[PDB]
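The block underneath contains the structure these notes are about, expressed in structure tokens.
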RNA sequence: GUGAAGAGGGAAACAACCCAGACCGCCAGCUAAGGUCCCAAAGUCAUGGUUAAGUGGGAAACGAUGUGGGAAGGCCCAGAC
RNA sequence: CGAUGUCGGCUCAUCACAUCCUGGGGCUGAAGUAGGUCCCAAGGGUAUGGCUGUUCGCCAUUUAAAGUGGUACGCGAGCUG
RNA sequence: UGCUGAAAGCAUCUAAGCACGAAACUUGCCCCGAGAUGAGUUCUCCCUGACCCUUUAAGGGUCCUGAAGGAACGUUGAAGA
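Protein chains in written order, with the entry's author numbering: chain r, 1 to 38; chain T, 2 to 177; chain Q, 1 to 209; chain W, 1 to 142.
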């Protein structure tokens, strides 16, 4: 995954979830869209 | 909210015991018992199960919803039971059941023997299917996640322990 | 399990039948005889205290003689103690022989090593010697620097310097027991164990796998 | 005339037993520190140990708020160089919970010979019973 | 303006910052800055909110269905999301 | 400035992690082998020589790897010069 | 990396609950270790006399006793400045 300080929805299947106080982008379509730490 | 507001319709022959927060549900398939959060007040009222937020607690609505769905699952877990179905894709992948130990041959240099927990009973109608059945939902979800976790579905070919319903998306090699 | 108290007799070799010399240490293990048994209900831990050998009658003091007299046993040259392993049971006055090691296959031998006195850091800590020539002025075997500068301005704890090497408890682990001889009261282990000849050893089964 | 000074030969001091189940650590600790100084007595004197003997029990059942059960970290250094050694609150409750109450109270008591003598009067136990039935500690509900 | 040439109280410790200008004495009172759970004097005070990050008790562009408040607006039980 | 010896070598370290190796993992334009990149991780390990006063560097041949820094560009009441 | 699961009638590894997960962390292994003044435990051994004085105290003194054991001395040691 991509640890960035701007996490965004790159696709329409991407989805912002906060787990353990960490903003994350969980996608189902493309696993390259998986992101962390916004 | 919209989930906690709908009541759990308890069918006939199902025993419900509300010992404060502890809820025991025993039907035709087995005794199954939780202990809800303190922010959930549960009331039988002779016909169904009704879930509401205990007053004085902030997120109790959210908590109530969970309690709802959990007991809904418990009702299915004493009436019909839950069933996960896994299938093994690969050349020479074997699955067998001795007692409650799932023997698995997954291209390893050592045999795999997964010990099922107490409430769960697996079957193998074929060498490449594991149909496991049980009462608690998180427990068969757990066990199916473990058996998948030994050899996860490889992306290029599909080789691995997949769920029967899950789609495995593939891709080709780099060039040629 | 428990161990037994020996005595380092010395070293020899054991020619095998296919012609492989094995360096063994001979450990005479006489009758270790139990003088005290310790239970949780009185001591907080299960352990046996054994003695071995023999002592002069006029050299054992009245405290010590009263201890062995209570135990109903001859005075030995010392008292040792072994922690018990939860299903073992001993009685006071019971004798324990080298026969206990007739199954063990590999042991750990604990003794006091040979005292080398005040040793410098080249012997003690394997420091490397500085130049023996090329200008060097009175500093050949000396330790060099011992710390940094203003920051910290102290020598840290457990800086390797010179002092007493030797003469302390060391345990050698996982030695292959070559023979157990119940007739002559002997235990032949493969290798060197700590101590000079005649030193008291403590031979336990190996805790490593 | 002169202000009264308590005399340490003639200080009467009592024994108290405090159940530390579900109390907050700092708030209990501050009450114990007040009672061990002797700040609750009118004969308080800053160079005389006038306080009471407190038997804290059920020390493993003490409570903290927030995520302090897992995030509160107890550091100490061993003297050897890289000897910084940390232990969270739940690791301390598992290993020795007496150290939890005793660290707290000790940091609330005046440092110096007198406050060491004041800490010798705190007796903490991880269980529900104590050996000190001979001293008849009356139940200090705090 | 202060220090220099100015002590005292506060800011942990801290010429120059805040309060305040020491003739001497007193085991007397009231206050300033600053504070009142324990070290450490004095509210573990009262009422109403907010945050759960030990934020409080370092640090920005930028990111985010964290969460409290306010004014509007699109669709909506000819059934919306 | 009524003296705080200053490069480099040796001896002896020690900490940081912005990790060279070993260990865990996500994405891959990841078939495998070998990689690239990013997250976690400081337990232990982390060359010998030619040339040069050299640190550095180039070269030769190794190695799992030959880390990057702080420590008075660590270390002359420890050595060299 | 998940399982169940709402807030958000879906989705969602997290908010309640639950399972994995590394040479780091706590143990396991080796050594020191009760001055651990918080000075611990266990076993054993020894000592079972009279009489005065006073500002009557865990007070001082005289006679008789001298134990268990230690220390000294000597012969010394694969222990040792």
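No residue lacks a Cβ here, since even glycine has one placed at the ideal position from N, Cα and C.
Where residue i sits in the DSSP three-state scheme
{"i": "residue 86 (chain Q)", "result": "coil"}
{"i": "residue 32 (chain W)", "result": "helix"}
{"i": "residue 47 (chain Q)", "result": "strand"}
{"i": "residue 135 (chain T)", "result": "strand"}
{"i": "residue 174 (chain Q)", "result": "strand"}
{"i": "residue 2 (chain T)", "result": "coil"}
{"i": "residue 106 (chain T)", "result": "strand"}
{"i": "residue 74 (chain T)", "result": "helix"}
{"i": "residue 213 (chain Q)", "result": "Here chain Q has residues from 1 to 209 only, and residue 213 (chain Q) is not among them."}
{"i": "residue 89 (chain W)", "result": "helix"}
{"i": "residue 118 (chain Q)", "result": "strand"}
{"i": "residue 19 (chain W)", "result": "strand"}
{"i": "residue 160 (chain T)", "result": "coil"}
{"i": "residue 64 (chain W)", "result": "coil"}
{"i": "residue 11 (chain Q)", "result": "strand"}
{"i": "residue 117 (chain T)", "result": "coil"}
{"i": "residue 31 (chain r)", "result": "helix"}
{"i": "residue 119 (chain W)", "result": "helix"}
{"i": "residue 145 (chain T)", "result": "helix"}
Reference residue i; option with closest CA among the options
{"i": "residue 5 (chain r)", "options": "r:11, r:16, r:23, r:32", "result": "r:23"}
{"i": "residue 55 (chain T)", "options": "T:65, T:148, T:46, T:142", "result": "T:65"}
{"i": "residue 208 (chain T)", "options": "T:118, T:120, T:91", "result": "Residue coverage of chain T in this structure runs from 2 to 177, which leaves residue 208 (chain T) outside it and unanswerable."}
{"i": "residue 203 (chain Q)", "options": "Q:145, Q:98, Q:58, Q:129", "result": "Q:98"}
{"i": "residue 155 (chain Q)", "options": "W:98, W:118, W:133, W:81", "result": "W:81"}
{"i": "residue 147 (chain T)", "options": "T:26, T:114, T:31", "result": "T:114"}
{"i": "residue 144 (chain T)", "options": "T:101, T:12, T:127, T:174", "result": "T:101"}
{"i": "residue 3 (chain T)", "options": "T:52, T:152, T:128", "result": "T:52"}
{"i": "residue 168 (chain T)", "options": "r:38, r:28, r:20, r:36", "result": "r:28"}
{"i": "residue 39 (chain T)", "options": "T:74, T:93, T:177, T:60", "result": "T:60"}
{"i": "residue 37 (chain r)", "options": "r:12, r:14, r:21", "result": "r:21"}
{"i": "residue 158 (chain Q)", "options": "W:94, W:78, W:93", "result": "W:78"}
Within chain W, the residues that residue i reaches when beta carbons sit closer than 7 Å
{"i": "residue 158 (chain Q)", "result": "80"}
Burial state of residue i (16 or more Cβ within 10 Å)
{"i": "residue 224 (chain Q)", "result": "Since the first residue of chain Q shown is 1 and the last is 209, residue 224 (chain Q) is not available in this structure."}
{"i": "residue 40 (chain Q)", "result": "exposed"}
{"i": "residue 13 (chain Q)", "result": "exposed"}
{"i": "residue 28 (chain Q)", "result": "buried"}
{"i": "residue 170 (chain W)", "result": "The question about residue 170 (chain W) has no answer, for chain W in this structure spans 1 to 142."}
{"i": "residue 7 (chain r)", "result": "buried"}
{"i": "residue 7 (chain Q)", "result": "buried"}
{"i": "residue 33 (chain r)", "result": "buried"}
{"i": "residue 1 (chain Q)", "result": "exposed"}
{"i": "residue 195 (chain Q)", "result": "buried"}
{"i": "residue 69 (chain T)", "result": "buried"}
{"i": "residue 73 (chain W)", "result": "exposed"}
{"i": "residue 68 (chain Q)", "result": "buried"}
{"i": "residue 21 (chain T)", "result": "exposed"}
{"i": "residue 128 (chain Q)", "result": "exposed"}
{"i": "residue 210 (chain Q)", "result": "Nothing about residue 210 (chain Q) can be read from this structure; chain Q reaches only from 1 to 209."}
{"i": "residue 52 (chain Q)", "result": "buried"}
{"i": "residue 28 (chain T)", "result": "buried"}
{"i": "residue 112 (chain W)", "result": "exposed"}
{"i": "residue 89 (chain W)", "result": "buried"}
{"i": "residue 138 (chain Q)", "result": "exposed"}
Q: Report yes or no: do the stretch 29-40 of chain W and the stretch 98-111 of chain W share at least 3 C-beta pairs separated by less than 8 Å?
A: Three or more beta-carbon pairs separated by less than 8 Å link the stretch 29-40 of chain W to the stretch 98-111 of chain W, which places the two stretches in contact.
(Q) Check whether the stretch 85-102 of chain Q and the stretch 26-35 of chain Q are in contact - that is, three or more C-beta pairs closer than 8 Å. (A) Result yes; three or more Cβ-Cβ pairs closer than 8 Å.
Q | Sufficient close CB pairs (3 or more, under 8 Å) joining the stretch 137-154 of chain Q to the stretch 170-188 of chain Q | A | In short, these stretches do not touch, since the Cβ pair count stays below three.
Q. Is there contact between the stretch 13-24 of chain Q and the stretch 118-137 of chain T, where contact requires at least three CB pairs shorter than 8 Å?
A. Judged by Cβ distances under 8 Å, the stretch 13-24 of chain Q makes no contact with the stretch 118-137 of chain T, as fewer than three pairs qualify.
Q. Can you find at least 3 beta carbon pairs, one from the stretch 89-102 of chain W and one from the stretch 115-127 of chain W, that sit closer than 8 Å?
A. Touching, yes, given that three or more Cβ pairs across the two stretches are closer than 8 Å.
(Q) Assess contact between the stretch 13-24 of chain W and the stretch 53-73 of chain W, defined as three or more Cβ pairs (one per stretch) separated by less than 8 Å. Is contact present? (A) Result yes; three or more Cβ-Cβ pairs closer than 8 Å.
Q.
Below 8 Å, how does it come out for the stretch 66-73 of chain Q and the stretch 81-89 of chain Q: are there three or more Cβ pairs, yes or no?
A. Not touching, per the Cβ criterion.
Q: Would you check if the stretch 126-140 of chain T and the stretch 76-85 of chain T touch, i.e. whether three or more CB-CB distances between them fall below 8 Å?
A: They touch, by the three-pair rule.
Q.
When you compare the stretch 43-50 of chain W with the stretch 4-16 of chain W, are there three or more beta-carbon pairs, one atom per stretch, that lie closer than 8 Å?
A. Judged by Cβ distances under 8 Å, the stretch 43-50 of chain W makes contact with the stretch 4-16 of chain W, as three or more pairs qualify.
Q: Would you check if the stretch 110-120 of chain Q and the stretch 78-85 of chain Q touch, i.e. whether three or more CB-CB distances between them fall below 8 Å?
A: Under the 8 Å Cβ criterion, the stretch 78-85 of chain Q does not count as touching the stretch 110-120 of chain Q, having fewer than three qualifying pairs.
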